[PDB]
Each structure stands twice: as structure tokens, then as C-alpha cells.
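Working notes, structure below.
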Amino acid sequence: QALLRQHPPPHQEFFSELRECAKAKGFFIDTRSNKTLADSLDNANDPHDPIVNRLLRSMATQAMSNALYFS
RNA sequence: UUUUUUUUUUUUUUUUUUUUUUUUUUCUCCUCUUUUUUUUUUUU
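Under the deposited numbering, the first residue of the first sequence is numbered 703, with each subsequent residue one higher.
Right, here's the structure in full:
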């Protein structure tokens, strides 16, 4: 008896086009764990432009799952 | 030196009654365009 808040893991398909565009300018990423997701993200820092990080994490933020309550 | 007479303002009053807002039409009718539908997160 309580009420908790979950984020069940995502699946590859919202990542597919993401990976595509990562596979368009340089960056190699992989999808096996939120640890290595976040790591292989935060390193990629395109030198001659600022928008890249914002934009990439924002399409990443169009990918993922939901947060809903349960007893 | 000029007398006498020719009516006037309809009579009547001591009758019972058990309803009720309104009121009566007008037909079927092509909604145009990046999408699956996004979604955690924190500061109110």
C-alpha cells in the first residue's frame, strides 16, 4: 500500500532515426544502458558549433518513455 | 264706457350563477495536407 512513480525502459525504435542522424555527422552512439547512453552522449561536443548538443539531447528527449503511478 | 273662463313636472323595485399559464409545422446539408501522436527531469 503506497503510490510510486516509474519510468519503464525505452525501446529501440524512437532511437532508430536518432541513430540515423548520429550516423550522419560523425558521432557513433550505442544503446545498451542509460549509463553508456549518457556517457557516449556527454563526450560528443562538436567544436565549431554550439547547437549540436542542445539539438541532439532534444531529439533524444523526443524519444523516451512515460512516468505513471501504480499501487 | 272693454266683463267671464280655459288641470299638471312616468308608475315600479326586497335578482340566482358551481373557473384557471399556454393554444398550431418548414427538408436533406464535402471541416484541405510534416507525422507517428509528444510524455522522465527540476525550479510555482
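Ideal Cβ positions, reconstructed from N, Cα and C, are used throughout, including at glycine.
- Between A726 and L706, the alpha-carbon positions lie close to 40 angstroms from each other.
- Short of 8 angstroms from the beta carbon of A724, and not among the five residues preceding or following it, lie these beta carbons of its own chain, in chain order: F730, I731, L758.
- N736 is the residue among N755, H750, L743, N736 whose C-alpha sits nearest the C-alpha of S767.
- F772 counts as exposed, since fewer than 16 other C-beta atoms from the protein chains shown sit within 10 angstroms of its C-beta.
- Note: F717 is not bridge-paired with any residue in the DSSP secondary-structure output.
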